[PDB]
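Student: Structure incoming, see below.
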Amino acid sequence: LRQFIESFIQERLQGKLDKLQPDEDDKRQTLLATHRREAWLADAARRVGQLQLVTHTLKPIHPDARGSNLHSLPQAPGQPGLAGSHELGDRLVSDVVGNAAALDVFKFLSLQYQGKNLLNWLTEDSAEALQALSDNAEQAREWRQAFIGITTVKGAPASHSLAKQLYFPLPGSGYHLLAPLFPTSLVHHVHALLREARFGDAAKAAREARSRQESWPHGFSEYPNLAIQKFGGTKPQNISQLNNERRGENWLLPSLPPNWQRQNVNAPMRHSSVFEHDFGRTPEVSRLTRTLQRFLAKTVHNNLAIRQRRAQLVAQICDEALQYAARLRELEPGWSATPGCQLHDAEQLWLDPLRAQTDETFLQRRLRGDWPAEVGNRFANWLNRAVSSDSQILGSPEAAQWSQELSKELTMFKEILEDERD
Amino acid sequence: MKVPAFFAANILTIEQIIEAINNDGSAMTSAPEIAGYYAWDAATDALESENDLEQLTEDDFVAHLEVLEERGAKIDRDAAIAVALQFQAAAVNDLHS
Amino acid sequence: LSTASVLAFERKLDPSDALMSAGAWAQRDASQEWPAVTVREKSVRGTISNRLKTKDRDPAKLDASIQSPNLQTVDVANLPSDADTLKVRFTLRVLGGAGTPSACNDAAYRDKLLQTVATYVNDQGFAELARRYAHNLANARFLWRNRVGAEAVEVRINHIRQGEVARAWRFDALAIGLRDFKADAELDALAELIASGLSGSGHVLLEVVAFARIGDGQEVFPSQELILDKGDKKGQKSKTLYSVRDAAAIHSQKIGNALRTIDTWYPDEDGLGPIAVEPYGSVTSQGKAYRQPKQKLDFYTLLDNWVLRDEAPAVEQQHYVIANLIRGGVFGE
Amino acid sequence: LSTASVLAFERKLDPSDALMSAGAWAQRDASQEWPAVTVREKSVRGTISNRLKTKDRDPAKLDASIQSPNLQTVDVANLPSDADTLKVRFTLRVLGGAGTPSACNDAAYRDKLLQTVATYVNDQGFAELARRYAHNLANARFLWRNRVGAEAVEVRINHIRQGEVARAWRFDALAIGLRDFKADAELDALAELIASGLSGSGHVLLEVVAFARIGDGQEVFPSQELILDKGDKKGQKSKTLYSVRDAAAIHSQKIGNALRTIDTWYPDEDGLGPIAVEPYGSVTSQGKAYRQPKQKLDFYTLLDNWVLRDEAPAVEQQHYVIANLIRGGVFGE
Amino acid sequence: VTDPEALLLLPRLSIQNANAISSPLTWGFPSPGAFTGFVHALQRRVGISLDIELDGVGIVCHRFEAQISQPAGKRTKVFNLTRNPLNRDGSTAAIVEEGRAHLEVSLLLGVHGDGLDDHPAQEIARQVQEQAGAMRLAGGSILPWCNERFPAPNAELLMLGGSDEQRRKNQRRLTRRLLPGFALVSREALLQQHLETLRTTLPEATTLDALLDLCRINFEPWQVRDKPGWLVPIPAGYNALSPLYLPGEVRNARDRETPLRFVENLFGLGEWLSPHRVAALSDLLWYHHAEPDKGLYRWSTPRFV
């Protein structure tokens, strides 16, 4: 293992003593090799207290805030609906924060786990070469007084003004001000997931079969709306270790409400469109109806989950029309009947502008409103048209159950529809 | 003391640094003093209390200079280190009056 | 006795986005219906006209350099071909409680600070600063490039306490000097409105609307948005513009820059005029920072003298210290 | 003692997008409300005509590909079948104050620049340049291909001091030449209008309207846009045009390219017509760059010799250095 | 988690330049901890003067406009930054990245105090909105109204008394004024459900959210895996990684009279819902709750099911 130590140093010979300068080789050819037997292992003995290994770093919050980079791991929370870096356990890539001109010391102390375990035993296996390591004999006692010290943290509880210190209120008590850190290992575990789950060996395999349509059982992922957050800017390796796949980026997961990048310039209704009457024929509704058509209503082989998922699906459409109603109601005060009316009866009565007034000359209906249900029945006549084709459902009571699904959702729909005019 | 010219321009990125030394630097500057000032600027930022500018040797100038070599950016070793020592020597005459 | 290791201040004079819409001059009175200036894409082919290296500029590859011209899809915002007046509006509010920090370690430092700020106001209120902030609402400083070359610029500063307008102001921004801070009857009526807002608590809401005769179909300048990493050199949308709800608009931090361009107390040169109030007072257009620590006119160097060791600066420099407390900031150890 | 690392000049002579609309000739005041020239599509299939690469020069290789078609959709803009006249309308706004950069690092370089520019102005005004820009409004140089093959071109130039019109100009654009720079009293009366606007003395806003008899149902040419190279089968679209509100339009900088075609001061051969004022003054169609930096006549060599080390260029060449400050640019990259 | 007496409504709060990073992993709509800390700032400023308890908060989010752009050829979307003032030497400034999003939310509240019996209903709603105008919600400003003056007034429903008919017709009046939005709740039980479902392998809790921020195009035994709702990742709270310090032994604190722990974030699951889906609107509230003995500092919607 001494030879395995020194072959690493033979690489450190060959990595550094490679381009001999013809002017200053007198130290570079001669002195640079002489320390590399034992004194280089004593050169790094004074070079332990200049680097630290951290699970959590502070510098991504602001790249100059001097803080306390830490290494501890969370406990189990207790409610298993949560998720943090306590789920990792063994796969911990603790990115060392420190000077770039000394990180080979951490590459040197990586030689504990390489092959043999030897992690917690920097206190034994001292003198000899093969089964021990021959970090040499008399100096195998004051080196371990130093080289263990990179594993522990520098002991100072400190923060900075640029470190996002947050109050948190207590049950019937004062405040703990919480300083959240940046979980580097939890981020780097997701880069190990997302680079694999997008494009790898098996990920490209199922993608190539899309043209082939030859389904061996293996799913492939797809992650829309990822966000790139960069750190360090023009200088990424001056902060925590940003690797060759995490090159100063964080893939961020989207957390967005469904009314994102919607139709901001709201297109009006009452035109020659044959669909846009009572349900909002939009690409967010057309993708929803085909789910009910192509399965879960036509392909029925169960009463537990099949009958269940038909119930909330029309409860979506009962409220999606209400979403469609209020967007058409809001930000359109100048709605009227005169542009393009051929079959749009009572659409002036239901999705009206309230105007804080009535506008009527040869008519009384505009002053008030009672039972706007015929457009809801036409919506209910659309819900019978919403399912495409199913001929084997009429003899079964499934369409009779679906008629009850049609009936129990209009009953909610009519009562909601009252107070816009009642 | 000493000021650059390709820097203090429009806001740069790492990919726009690498394309400069892949050329002969840029207009009004040179590929030595771009990678040299970058190696000095990356070294001078990492200090703890910034009262230790005298602790900046030649070795940590190289360690930041090799970051560009990891991603393209064929540089000159002897030129960029000498430029990085110019800004370092300029950053101590102001410290002593 | 010592500096507080954490100091932070919220900003007062909190503006909003500056939406744009175009219409006809003398139709300003019914300008609640003007259609918004939209952001339009266009392609543009240029040639290379930068400086060249000495390794370059041989006549062989220069002619080959213009054989492959650069192409790019830029964004432009223009008036319609019949309109001639840009309307830019925003809702500035004036919060108040100026000298109160938002975070501070040492309570002994904090009470020493609150006695120092109340020493200022009792000696002289915010009316010196609020006369100066009123000019940047009077002249159209918040129209950065939109002001240049206009026929007439008119600013209509209303006031809001309810749906009813309390008091309306009218101005001519071109007659009001861009470099001078001269008082007036209407300005001092608006100045003491601001100084009453900054002193007491509770916000004093405003509504500033600006008009400018530009031309028919001419170009306006919304704030250019900062794309960090543009992608491949095929699409390559250079010069993206800021737009909110399909209306070309100016960033709030650009409007908020122009309200506080009142540093008339330089050590070196006041020939550039009143520029922005900054700690280590810097100008992005000039490319270098005035008020250096080699001078004794920092924000930090003036603050700890005037707070800890009671070295009060010049009375003019006392106005500079309060103005950084109005814009906010996160301070050191 | 050295050039700044940031030099940026806001452009002067800022035109709008030229709108095209069509009608009949001998309509003077009826030309206010023409129908606009719209952009429409058509199918286009035309066989192989490119130079083969000497590998594809087999009879079996052409005949396999001379049969394989290349169905493409293009955009075209045509006049109506009862209209022979194209009206092209835009607005030009002369700003003035050409010497001042919008941003500069070295104030000593800035003050040296502002004295060197002011050395030009008091010796001789803008009236040499302003006479040359007035001709490019007079003849329809901004009609690039639409001018070629016309009966007669009539250019009407209004000056709108307010919403009303101060003075109207009328020109026969074919009687006024395209290469030489003639002399006329009406051209002078528009020359010192621009000279009064380039010097910042007054305010210049212009309305430029160009009529051109082409023929019934003929083709006009808006500025072509950029298509995205896509690997789509069954053909694609191969030419897109420019229209702001379904009305075929010329870009703003295509007009501005044609206004500054005043440069008759080459090293090589001045008897070839003027071209656009550019640093390393180059023609995209000709494919070569006139005024090579191997000669000491480009903008960057003439500038710093006349600014930093203070030898004047020829007065014949001083107009080119000032004309790059009127177009603006991004100098000192 | 106390059952609210009243339900104060902040009608349409337009929010300029809010934060959008919200966690180290989940970009988008800002954290629900920002909303629960906002109501505690109103309880700091107003609720001790009107003698009321402002604890719960609902999230409606009528409009979300982020300042993002995808670059040319990519499919991921990067952020829009802003300039900063220059350095001491005036060379340039360092780049920090901050997400930025315009926002239009509505906030249900919960009231417990005796000030309902003392002050009238309009006096409660007037003192809150006049305070909440000059404040910040997610690190960004709050904007007033102009040019149509419709959505300005508040609402308040004393949902403690009355028969179940008198609640339910009155409850349908708030769902009118909350209709263009999408209500937000936490689903802590579905994440516990699918971990116990995925036991063919030995996965983790963090490996489940990656299978819920999904387009799992499943190959045929082609097809796309179904979603029972608009499931989305949220930050659930905090989890401490340090022992609990004395107030005066951590350098560079905010104040030197409160204890400190260094924490992580803590990721959970959330679903966006229409307001007519939920039966009782008091189930919609977000309550911060924490046991300080161990390191949990979380927030959730309890009593939801």
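Ligands are numbered from 1 in the order shown, chains are lettered A, B, ... in the order of the structure tokens, and residues start at 1 in each chain.
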Return the neighbours of chain C among the residues of chain D, cut-off 7 Å, counting only C-alpha atoms, as an MDAnalysis selection string.
Tutor: chainID D and resid 16 91 95 103:105 225:226 279:280 287:289 292:294 331:333
Student: Please save N, CA and C atoms of the selected residues as a PDB file, in the first residue's frame.
Tutor:
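File produced: part.pdb:
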```pdb
ATOM      1  N   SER D  16     -38.597  56.012 -39.043  1.00  0.00           N
ATOM      2  CA  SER D  16     -39.577  55.015 -38.660  1.00  0.00           C
ATOM      3  C   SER D  16     -39.654  53.938 -39.735  1.00  0.00           C
ATOM      4  N   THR D  91     -41.413  58.682 -41.058  1.00  0.00           N
ATOM      5  CA  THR D  91     -41.070  59.920 -40.375  1.00  0.00           C
ATOM      6  C   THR D  91     -39.616  59.868 -39.937  1.00  0.00           C
ATOM      7  N   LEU D  95     -31.929  64.631 -34.543  1.00  0.00           N
ATOM      8  CA  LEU D  95     -31.779  64.885 -33.115  1.00  0.00           C
ATOM      9  C   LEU D  95     -30.746  65.967 -32.818  1.00  0.00           C
ATOM     10  N   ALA D 103     -21.859  57.010 -23.458  1.00  0.00           N
ATOM     11  CA  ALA D 103     -21.083  56.416 -22.380  1.00  0.00           C
ATOM     12  C   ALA D 103     -19.608  56.481 -22.742  1.00  0.00           C
ATOM     13  N   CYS D 104     -18.774  56.757 -21.741  1.00  0.00           N
ATOM     14  CA  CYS D 104     -17.340  56.881 -21.949  1.00  0.00           C
ATOM     15  C   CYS D 104     -16.633  56.687 -20.616  1.00  0.00           C
ATOM     16  N   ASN D 105     -15.504  55.977 -20.640  1.00  0.00           N
ATOM     17  CA  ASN D 105     -14.757  55.748 -19.408  1.00  0.00           C
ATOM     18  C   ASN D 105     -13.879  56.942 -19.061  1.00  0.00           C
ATOM     19  N   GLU D 225     -37.384  39.154 -44.199  1.00  0.00           N
ATOM     20  CA  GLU D 225     -37.055  38.713 -42.855  1.00  0.00           C
ATOM     21  C   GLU D 225     -36.145  37.491 -42.915  1.00  0.00           C
ATOM     22  N   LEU D 226     -35.907  36.882 -41.760  1.00  0.00           N
ATOM     23  CA  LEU D 226     -35.054  35.710 -41.632  1.00  0.00           C
ATOM     24  C   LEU D 226     -35.902  34.495 -41.297  1.00  0.00           C
ATOM     25  N   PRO D 279     -17.663  52.244 -40.618  1.00  0.00           N
ATOM     26  CA  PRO D 279     -16.276  51.909 -40.284  1.00  0.00           C
ATOM     27  C   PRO D 279     -15.855  50.716 -41.120  1.00  0.00           C
ATOM     28  N   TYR D 280     -14.660  50.808 -41.711  1.00  0.00           N
ATOM     29  CA  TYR D 280     -14.189  49.917 -42.777  1.00  0.00           C
ATOM     30  C   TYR D 280     -15.231  49.858 -43.893  1.00  0.00           C
ATOM     31  N   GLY D 287     -19.348  42.973 -52.054  1.00  0.00           N
ATOM     32  CA  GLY D 287     -18.630  41.892 -51.421  1.00  0.00           C
ATOM     33  C   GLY D 287     -17.217  42.216 -51.006  1.00  0.00           C
ATOM     34  N   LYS D 288     -16.736  43.417 -51.290  1.00  0.00           N
ATOM     35  CA  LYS D 288     -15.425  43.854 -50.855  1.00  0.00           C
ATOM     36  C   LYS D 288     -15.592  45.015 -49.888  1.00  0.00           C
ATOM     37  N   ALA D 289     -14.521  45.316 -49.173  1.00  0.00           N
ATOM     38  CA  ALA D 289     -14.506  46.411 -48.216  1.00  0.00           C
ATOM     39  C   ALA D 289     -13.619  47.509 -48.776  1.00  0.00           C
ATOM     40  N   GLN D 292      -9.671  50.306 -46.928  1.00  0.00           N
ATOM     41  CA  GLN D 292      -8.989  49.277 -46.168  1.00  0.00           C
ATOM     42  C   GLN D 292      -8.139  49.894 -45.063  1.00  0.00           C
ATOM     43  N   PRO D 293      -7.997  49.201 -43.931  1.00  0.00           N
ATOM     44  CA  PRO D 293      -7.072  49.664 -42.888  1.00  0.00           C
ATOM     45  C   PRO D 293      -5.605  49.504 -43.242  1.00  0.00           C
ATOM     46  N   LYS D 294      -5.266  48.871 -44.367  1.00  0.00           N
ATOM     47  CA  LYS D 294      -3.896  48.979 -44.851  1.00  0.00           C
ATOM     48  C   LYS D 294      -3.621  50.381 -45.374  1.00  0.00           C
ATOM     49  N   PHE D 331     -18.076  51.719 -30.307  1.00  0.00           N
ATOM     50  CA  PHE D 331     -16.661  51.865 -30.598  1.00  0.00           C
ATOM     51  C   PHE D 331     -15.837  51.536 -29.362  1.00  0.00           C
ATOM     52  N   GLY D 332     -14.577  51.185 -29.597  1.00  0.00           N
ATOM     53  CA  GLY D 332     -13.697  50.827 -28.503  1.00  0.00           C
ATOM     54  C   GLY D 332     -14.032  49.514 -27.839  1.00  0.00           C
ATOM     55  N   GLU D 333     -14.382  48.495 -28.616  1.00  0.00           N
ATOM     56  CA  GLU D 333     -14.742  47.190 -28.075  1.00  0.00           C
ATOM     57  C   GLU D 333     -13.528  46.502 -27.458  1.00  0.00           C
TER      58      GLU D 333
END
```
Student: Kindly provide, as a ChimeraX atom specification, the residues of chain E having any atom no farther than 12 Å from an atom of chain D, counting only C-alpha atoms.
Tutor: /E:72-73,90-91
Student: Kindly export the residues of the current selection with N, CA and C atoms, as a tab-separated table (two decimals), in the first residue's frame.
Tutor:
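Result file follows (again_17.tsv):
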```tsv
chain	number	residue	atom	x	y	z
E	72	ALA	N	-31.77	29.97	-27.15
E	72	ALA	CA	-31.93	29.43	-28.49
E	72	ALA	C	-31.39	28.01	-28.56
E	73	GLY	N	-32.27	27.06	-28.87
E	73	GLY	CA	-31.89	25.67	-28.98
E	73	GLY	C	-32.08	24.86	-27.72
E	90	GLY	N	-15.01	50.45	-9.34
E	90	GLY	CA	-15.87	50.75	-10.46
E	90	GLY	C	-15.60	49.90	-11.68
E	91	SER	N	-15.08	48.69	-11.50
E	91	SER	CA	-14.84	47.80	-12.64
E	91	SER	C	-16.15	47.16	-13.09
```
Student: Counting only C-alpha atoms, give me one row per residue of chain E with an atom at most 6 Å from an atom of chain A, showing the shortest contact pair and its distance in Å to one decimal, sorted by chain then residue number, as a Markdown table.
Tutor:
```
| residue | atom | partner | partner_atom | distance |
| --- | --- | --- | --- | --- |
| E:25 | CA | A:252 | CA | 4.9 |
| E:26 | CA | A:253 | CA | 4.5 |
| E:27 | CA | A:254 | CA | 5.0 |
| E:28 | CA | A:255 | CA | 4.4 |
| E:29 | CA | A:256 | CA | 5.4 |
| E:64 | CA | A:260 | CA | 5.6 |
| E:76 | CA | A:226 | CA | 4.9 |
| E:77 | CA | A:227 | CA | 5.0 |
| E:78 | CA | A:228 | CA | 5.2 |
| E:95 | CA | A:233 | CA | 5.7 |
| E:180 | CA | A:323 | CA | 5.6 |
| E:188 | CA | A:81 | CA | 4.6 |
| E:191 | CA | A:81 | CA | 5.3 |
| E:192 | CA | A:81 | CA | 5.1 |
| E:204 | CA | A:87 | CA | 6.0 |
| E:205 | CA | A:83 | CA | 5.3 |
| E:206 | CA | A:83 | CA | 5.4 |
| E:215 | CA | A:222 | CA | 4.9 |
| E:216 | CA | A:221 | CA | 4.7 |
| E:217 | CA | A:220 | CA | 5.9 |
| E:218 | CA | A:219 | CA | 4.4 |
| E:219 | CA | A:219 | CA | 5.1 |
| E:220 | CA | A:215 | CA | 5.5 |
| E:221 | CA | A:217 | CA | 5.6 |
| E:232 | CA | A:255 | CA | 5.7 |
| E:233 | CA | A:255 | CA | 5.8 |
| E:241 | CA | A:74 | CA | 5.3 |
| E:250 | CA | A:158 | CA | 5.1 |
| E:251 | CA | A:158 | CA | 4.4 |
| E:252 | CA | A:160 | CA | 5.2 |
| E:259 | CA | A:176 | CA | 5.3 |
| E:260 | CA | A:177 | CA | 5.2 |
| E:261 | CA | A:178 | CA | 5.5 |
| E:262 | CA | A:179 | CA | 4.9 |
| E:263 | CA | A:180 | CA | 4.7 |
| E:264 | CA | A:180 | CA | 5.2 |
| E:266 | CA | A:84 | CA | 5.2 |
| E:267 | CA | A:83 | CA | 4.9 |
| E:268 | CA | A:82 | CA | 5.1 |
```
Student: Write down, as a ChimeraX atom specification, each residue of chain A that has any atom within 9 Å of an atom of chain B, counting only C-alpha atoms.
Tutor: /A:64,66,98-102,233-239
Student: Could you work out which residues of chain B fall inside 9 Å of chain E? Count only C-alpha atoms, and format the result as a PyMOL selection string.
Tutor: chain B and resi 3-4+7-11
Student: Using N, CA, C and O atoms, can you write the selected residues to a file as a CSV table (one decimal), in the first residue's frame?
Tutor:
```csv
chain,number,residue,atom,x,y,z
B,3,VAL,N,-5.4,48.9,-14.3
B,3,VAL,CA,-6.8,48.6,-14.7
B,3,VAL,C,-6.8,47.8,-16.0
B,3,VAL,O,-5.9,47.9,-16.8
B,4,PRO,N,-7.8,46.9,-16.2
B,4,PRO,CA,-7.9,46.2,-17.4
B,4,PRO,C,-8.7,47.0,-18.5
B,4,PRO,O,-9.1,48.1,-18.2
B,7,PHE,N,-12.0,43.7,-19.5
B,7,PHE,CA,-12.9,43.8,-18.3
B,7,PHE,C,-13.4,45.2,-18.2
B,7,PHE,O,-12.9,46.1,-18.9
B,8,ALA,N,-14.3,45.4,-17.3
B,8,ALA,CA,-15.1,46.7,-17.1
B,8,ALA,C,-15.9,47.1,-18.4
B,8,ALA,O,-16.3,48.3,-18.5
B,9,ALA,N,-16.0,46.2,-19.3
B,9,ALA,CA,-16.9,46.3,-20.5
B,9,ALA,C,-18.2,45.7,-20.2
B,9,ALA,O,-18.6,45.6,-19.0
B,10,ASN,N,-19.0,45.3,-21.2
B,10,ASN,CA,-20.3,44.6,-21.0
B,10,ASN,C,-20.0,43.3,-20.2
B,10,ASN,O,-18.9,42.7,-20.3
B,11,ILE,N,-21.1,42.8,-19.6
B,11,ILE,CA,-20.9,41.8,-18.5
B,11,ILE,C,-20.6,40.4,-19.2
B,11,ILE,O,-21.3,40.0,-20.1
```
Student: May I ask for the distance between atom CA of residue 23 of chain C and atom CA of residue 18 of chain D, given in Å to one decimal place?
Tutor: 19.3 Å
Student: If DSSP is run on the backbone, what residues of segment 127-207 of chain D are strand (DSSP E)? A reply as a list in words would be ideal.
Tutor: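 Residues meeting the strand (DSSP E) criterion: residues 153, 154, 155, 156, 157, 158, 159, 167, 168, 169, 170, 171, 172, 204, 205, 206 and 207 of chain D.
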Student: Which chain C residues have any atom within 9 Å of an atom of chain A, and for each, what is the nearest pair of atoms with distance in Å to one decimal, counting only C-alpha atoms, rows sorted by chain and number, as CSV?
Tutor:
```
residue,atom,partner,partner_atom,distance
C:5,CA,A:161,CA,7.4
C:6,CA,A:161,CA,5.3
C:7,CA,A:161,CA,7.7
C:8,CA,A:161,CA,8.6
C:245,CA,A:264,CA,6.7
C:246,CA,A:264,CA,8.0
C:330,CA,A:161,CA,7.8
C:331,CA,A:161,CA,7.7
C:332,CA,A:161,CA,6.9
C:333,CA,A:161,CA,7.8
```
Student: So that I can see what lies close to residue 37 of chain E, please list as a PyMOL selection string the residues with an atom at most 12 Å from it, counting only C-alpha atoms and leaving out residues fewer than 5 positions away in the same chain.
Tutor: (chain A and resi 166-170) or (chain E and resi 31-32+42-44+54-57+136-139+237+286-289+298-299)
Student: For chain D, which residue out of B:97, B:29, B:55, B:86 is the nearest one, using only C-alpha atoms?
Tutor: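 Ranking B:97, B:29, B:55, B:86 by distance to chain D, first place goes to B:29.
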Student: Any idea what's packed within 12 Å of residue 148 of chain E, counting only C-alpha atoms, ignoring anything in its chain fewer than 5 positions away? Could you give it as a list in words?
Tutor: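 These residues fall inside the cut-off: residues 330, 331, 332, 333 and 355 of chain A; 32, 33 and 163 of chain C.
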Student: Counting only C-alpha atoms, what is within 8 Å of residue 262 of chain D, bar same-chain residues fewer than 3 positions away, as a ChimeraX atom specification?
Tutor: /D:129,132-133,259,274-277
Student: Residues of segment 59-175 of chain A in alpha helix (DSSP H) according to DSSP, as a PyMOL selection string?
Tutor: chain A and resi 104-108+144-147
Student: Just to be explicit: take each residue in the selection above, keep C-alpha atoms, and write the result as a PDB file, in the first residue's frame.
Tutor:
```pdb
ATOM      1  CA  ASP A 104      -4.691  17.557  -3.580  1.00  0.00           C
ATOM      2  CA  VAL A 105      -4.474  17.044   0.194  1.00  0.00           C
ATOM      3  CA  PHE A 106      -8.087  15.913  -0.051  1.00  0.00           C
ATOM      4  CA  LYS A 107      -7.126  13.850  -3.083  1.00  0.00           C
ATOM      5  CA  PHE A 108      -4.361  12.404  -0.915  1.00  0.00           C
ATOM      6  CA  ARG A 144      -2.402  11.559  12.550  1.00  0.00           C
ATOM      7  CA  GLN A 145      -2.479  14.472  14.995  1.00  0.00           C
ATOM      8  CA  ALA A 146      -2.972  16.619  11.861  1.00  0.00           C
ATOM      9  CA  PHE A 147      -4.494  14.597   8.975  1.00  0.00           C
TER      10      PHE A 147
END
```
